[PDB]
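Peer 1: One structure, as structure tokens, below. Some questions next.
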Amino acid sequence: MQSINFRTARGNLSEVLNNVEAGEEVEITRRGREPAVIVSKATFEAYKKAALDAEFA
Amino acid sequence: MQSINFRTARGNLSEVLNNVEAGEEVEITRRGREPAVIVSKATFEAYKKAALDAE
DNA sequence: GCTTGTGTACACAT
DNA sequence: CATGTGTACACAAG
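Protein sequence lines, in the order shown, are assigned to chains A and B.
Heads up: the first sequence begins at 81 in my numbering, then just goes up one per residue.
Heads up: the second sequence begins at 72 in my numbering, then just goes up one per residue.
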């Protein structure tokens, strides 16, 4: 997975979002603070959906 | 789900990432482009256990 | 005194 | 009437 720092992430956000749209999952990191992932709403919405059909307790 | 446009996301990204860390899922929209979602890595990693449909 | 994060603002493009 | 995208400045935090 691609991993880019905040400063770089923002300074290139368009290129990041373009990369994301191409199917790449990009990790956003910040000093100390917990990381995040930018992923296409479609993919992630379809992850959430497939997870919701798990016969577990 | 919270939904912000690109210009606002780039200009408030720190506040966006703080919101996400608090458990929020944030939709980023772009003109004529498919939307993206910024989500906590922990949550995302857990949601990819959806890849237990592929199996 | 670096690096990186955060606010912000300007200019051009769509 | 706005939003996307490059970029650059300055201050804060580490």
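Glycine is no exception: its CB is placed at the ideal position from the N, C-alpha and C atoms.
1) Thinking C-alpha only, which one of B:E96, B:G94, B:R101 is nearest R81 (chain B)?
2) Report the option in A:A131, A:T123, A:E135 whose CA atom is closest to the CA atom of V100 (chain A).
3) Just confirm the distance between the C-beta atoms of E114 (chain A) and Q82 (chain A), as a whole number of angstroms; I'd bet it's less than 8 Å.
4) Where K129 (chain A) and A121 (chain B) are concerned, what is the direct C-alpha to C-alpha distance, given to the nearest angstrom?
5) I want to see whether chain A comes within less than 8 Å of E105 (chain B), judged by CB atoms only; does it?
Peer 2: Quick look at the numbers:
1) B:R101
2) A:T123
3) Not quite, the Cβ-Cβ distance comes to about 18 Å (not below 8 Å), so this is no contact.
4) 8 Å
5) yes
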